[PDB]
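One structure below.
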Amino acid sequence: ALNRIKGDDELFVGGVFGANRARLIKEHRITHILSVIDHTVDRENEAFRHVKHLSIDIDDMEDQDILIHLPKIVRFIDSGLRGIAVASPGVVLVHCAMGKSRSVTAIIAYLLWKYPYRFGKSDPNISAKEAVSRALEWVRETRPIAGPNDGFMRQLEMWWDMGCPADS
């Protein structure tokens, strides 16, 4: 499945077999796909012909640098949701292979950047580890297999402690 993240955003997460299923793209009216994995959409299929696509080539390994990508990732998700000429808010799918580690890390980076007070921005003994954990448990409410690898978890803590700097 492609699961919808809890909250007010039309934001979805899943793995590669779901992200390739035209039927699911159409069911959820997905307009934007962020592949946190090397990926090419099938533009010969009407369901994908006009989707806005970004692919980042990264593996699901603890030594992979995903922090470097998080500003671009967050800007892609936010601009696809807000639709920025009249704005046309979109529906964003973030996927990887399993919908477990790479894509979930990207979603958590966006959630920490957009909703810092939800994840503790000032209980003053809020640690980065606790903020990231709360965002992971938020994702797990609709994507229970979610679980970034240990290196991605560390980098999400770096992201939080850097103040989630998504500006270009």
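Going by the structure tokens order, chains are called A, B, ..., each with residues numbered from 1, while ligands are numbered from 1 in the order shown.
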
Can you build me a table of stretch 56-148 of chain A residues sitting at most 10 Å from stretch 36-42 of chain A, with the closest atom pair per residue and its distance in Å to one decimal, using only C-alpha atoms, sorted by chain and residue number, as CSV?
```
residue,atom,partner,partner_atom,distance
A:56,CA,A:36,CA,5.2
A:57,CA,A:38,CA,4.4
A:58,CA,A:37,CA,5.3
A:59,CA,A:37,CA,6.8
A:60,CA,A:37,CA,8.7
A:66,CA,A:36,CA,9.2
A:69,CA,A:36,CA,9.6
A:73,CA,A:36,CA,8.7
A:94,CA,A:36,CA,7.1
A:95,CA,A:36,CA,6.1
A:96,CA,A:36,CA,5.2
A:97,CA,A:37,CA,7.2
A:99,CA,A:36,CA,9.6
A:101,CA,A:36,CA,9.5
A:102,CA,A:36,CA,5.8
A:103,CA,A:36,CA,5.5
A:104,CA,A:36,CA,9.1
A:105,CA,A:36,CA,9.0
A:106,CA,A:36,CA,7.5
```

Output of the above residues as a tab-separated table (two decimals), in the first residue's frame, restricted to N, CA, C and O atoms:
```
chain	number	residue	atom	x	y	z
A	56	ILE	N	16.52	10.77	-6.00
A	56	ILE	CA	17.82	10.90	-5.37
A	56	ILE	C	18.43	9.52	-5.23
A	56	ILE	O	17.82	8.63	-4.63
A	57	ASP	N	19.65	9.36	-5.76
A	57	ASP	CA	20.30	8.06	-5.77
A	57	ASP	C	20.98	7.86	-4.42
A	57	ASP	O	22.07	8.40	-4.17
A	58	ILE	N	20.34	7.10	-3.52
A	58	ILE	CA	20.96	6.78	-2.24
A	58	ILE	C	20.54	5.39	-1.83
A	58	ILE	O	19.42	4.94	-2.13
A	59	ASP	N	21.45	4.70	-1.16
A	59	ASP	CA	21.21	3.36	-0.65
A	59	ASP	C	20.77	3.41	0.79
A	59	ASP	O	21.00	4.39	1.51
A	60	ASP	N	20.18	2.31	1.24
A	60	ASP	CA	19.72	2.24	2.62
A	60	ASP	C	20.82	1.61	3.47
A	60	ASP	O	20.78	0.43	3.87
A	66	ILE	N	22.36	11.22	3.84
A	66	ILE	CA	21.05	11.73	3.46
A	66	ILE	C	20.88	13.15	3.98
A	66	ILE	O	20.07	13.92	3.41
A	69	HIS	N	20.94	15.95	1.44
A	69	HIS	CA	19.77	16.04	0.60
A	69	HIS	C	18.56	16.61	1.30
A	69	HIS	O	17.56	16.85	0.62
A	73	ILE	N	14.95	17.83	-0.39
A	73	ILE	CA	13.83	16.92	-0.10
A	73	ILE	C	12.66	17.66	0.52
A	73	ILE	O	11.52	17.53	0.06
A	94	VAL	N	6.16	9.97	-1.25
A	94	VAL	CA	7.58	9.78	-1.03
A	94	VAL	C	7.77	8.27	-0.96
A	94	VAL	O	7.15	7.60	-0.12
A	95	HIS	N	8.63	7.72	-1.81
A	95	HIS	CA	8.82	6.27	-1.72
A	95	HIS	C	10.30	5.89	-1.77
A	95	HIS	O	11.16	6.66	-2.19
A	96	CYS	N	10.58	4.63	-1.43
A	96	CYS	CA	11.93	4.09	-1.61
A	96	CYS	C	11.79	2.64	-2.04
A	96	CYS	O	10.88	2.35	-2.83
A	97	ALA	N	12.57	1.73	-1.49
A	97	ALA	CA	12.32	0.31	-1.86
A	97	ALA	C	11.26	-0.30	-0.98
A	97	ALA	O	10.28	-0.87	-1.47
A	99	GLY	N	9.68	1.38	1.63
A	99	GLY	CA	8.87	2.28	2.42
A	99	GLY	C	9.12	2.16	3.90
A	99	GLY	O	8.19	2.34	4.70
A	101	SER	N	12.87	2.92	5.39
A	101	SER	CA	14.03	3.64	5.90
A	101	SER	C	14.31	4.92	5.11
A	101	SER	O	14.24	6.03	5.66
A	102	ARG	N	14.61	4.81	3.82
A	102	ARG	CA	14.96	6.01	3.04
A	102	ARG	C	13.77	7.00	2.97
A	102	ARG	O	13.92	8.18	3.29
A	103	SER	N	12.61	6.55	2.50
A	103	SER	CA	11.47	7.45	2.32
A	103	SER	C	10.99	8.00	3.67
A	103	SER	O	10.56	9.15	3.76
A	104	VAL	N	11.02	7.15	4.70
A	104	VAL	CA	10.56	7.55	6.02
A	104	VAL	C	11.46	8.64	6.56
A	104	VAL	O	11.00	9.56	7.25
A	105	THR	N	12.79	8.50	6.34
A	105	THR	CA	13.69	9.57	6.77
A	105	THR	C	13.34	10.90	6.12
A	105	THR	O	13.33	11.96	6.78
A	106	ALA	N	13.05	10.87	4.82
A	106	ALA	CA	12.65	12.11	4.14
A	106	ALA	C	11.38	12.69	4.74
A	106	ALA	O	11.29	13.92	4.91
```

- Message: Give me the residues near stretch 140-157 of chain A as a VMD selection string, where near means some atom within 7 Å (using only C-alpha atoms) and where sequence neighbours in that chain fewer than 4 positions away do not count.
- Response: chain A and resid 3 to 6 61 to 63 66 to 67 99 to 102 104 to 105 109 128 to 129 132 136 161

Please, could you write that set of residues out with C-alpha atoms as a compact mmCIF listing (two decimals), in the first residue's frame?
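Okay, selection25.txt is ready:
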```txt
# COMPACT_ATOMS: atom_id res chain seq x y z
CA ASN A 3 -0.03 4.95 3.32
CA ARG A 4 -1.19 8.47 4.12
CA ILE A 5 0.78 10.27 6.83
CA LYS A 6 -1.34 11.33 9.85
CA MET A 61 22.99 1.99 4.51
CA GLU A 62 24.22 3.66 7.69
CA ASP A 63 27.18 5.29 5.85
CA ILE A 66 21.05 11.73 3.46
CA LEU A 67 21.53 14.93 5.52
CA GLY A 99 8.87 2.28 2.42
CA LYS A 100 10.78 1.68 5.67
CA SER A 101 14.03 3.64 5.90
CA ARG A 102 14.96 6.01 3.04
CA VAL A 104 10.56 7.55 6.02
CA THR A 105 13.69 9.57 6.77
CA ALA A 109 12.77 15.54 7.95
CA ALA A 128 17.10 15.62 19.26
CA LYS A 129 16.84 11.87 19.81
CA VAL A 132 13.14 12.32 16.03
CA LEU A 136 9.05 8.30 13.80
CA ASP A 161 19.99 20.30 16.02
```

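All residues of stretch 1-141 of chain A that DSSP, run on the backbone, classes as strand (DSSP E) are residues 3, 4, 11, 12, 13, 14, 32, 33, 34, 35, 52, 53, 54, 55, 92, 93, 94 and 95 of chain A.
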
- Item | A:85, A:93, A:137, A:78 ranked by distance to residue A:28, top pick (using only C-alpha atoms) | A:93

- Query: Which parts of stretch 61-153 of chain A does DSSP call alpha helix (DSSP H) when run on the backbone here, written out as a count of residues only?
  - Reply: 43

- Residue among A:64, A:55, A:122, A:127 lying closest to residue A:33, counting only C-alpha atoms: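 Of A:64, A:55, A:122, A:127, the one nearest residue A:33 is A:55, counting only C-alpha atoms.
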
- Query: In Å to one decimal, how far is atom CA of residue A:11 from atom CA of residue A:77?
  - Reply: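 Going from atom CA of residue A:77 over to atom CA of residue A:11, I get 8.2 Å.
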
- Task: Find, counting only C-alpha atoms, the residue in A:113, A:17, A:48, A:88 that gets nearest to residue A:71.
- Result: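 Looking at the shortest contact to residue A:71, the residue is A:113.
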
- Item | Surrounding residues of residue A:24 excluding itself and chain neighbours under 4 positions, 10 Å, only C-alpha atoms, as a count of residues only | 9

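For the pair atom CA of residue A:43 and atom CA of residue A:31, the separation is 13.1 Å.
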